[PDB]
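In what follows, a single structure is set out as structure tokens and then discussed.
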Ligand SMILES: [Zn+2]
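Numbering (the deposited numbering), first residue to last: 11 to 138.
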């Protein structure tokens, strides 16, 4: 099931993300709308492209904690987090709290207090 480092198998991971990536809102990158994104920020439970993933990787884990859904190891709780999150829930939250000019391309959401607040909404879902 789960290895000594606390990671699910590559196969369980594969079966999980193949489904969750196919959810319609998850089929375009959260930041730039590039199609079929396979990278992710665990923090906001959003899927992002290989291009936007590099930008996120320069920000630092407290801002955005980046993994490849294709390649990286995941713990079981990180899968649940991706499952209850997704691009649709995040877009919905941010368009409300950041408004009509919500512009995920700049990743302003990631460093924002609103970003922190959404990250905590997700923490609360997976913890209580
Ligand atoms: Zn992108």
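Ideal Cβ positions, reconstructed from N, Cα and C, are used throughout, including at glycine.
Give the secondary structure of residue i by DSSP, where H, G and I count as helix, E and B as strand, and everything else as coil.
i           : result
residue 78  : strand
residue 73  : coil
residue 57  : strand
residue 12  : strand
residue 85  : coil
residue 17  : coil
residue 135 : helix
Exposed or buried, which one is residue i when buried takes at least 16 other CB atoms within 10 Å?
i           : result
residue 58  : buried
residue 51  : buried
residue 41  : buried
residue 91  : buried
residue 134 : exposed
With a threshold of 7 Å (Cβ to nearest heavy atom), would residue i be considered close to ligand 1?
i           : result
residue 61  : yes
residue 124 : no
residue 131 : no
residue 44  : yes
residue 80  : no
residue 41  : yes
Only counting the same chain, and skipping five residues up and downstream in sequence, which positions put a Cβ closer than 6 Å to that of residue i?
i           : result
residue 27  : 79
residue 103 : 128
Per DSSP, which residues does residue i bridge with? Please list them.
i          : result
residue 38 : 45
residue 22 : DSSP output for residue 22 lists no bridge partner at all.
residue 50 : 57, 77
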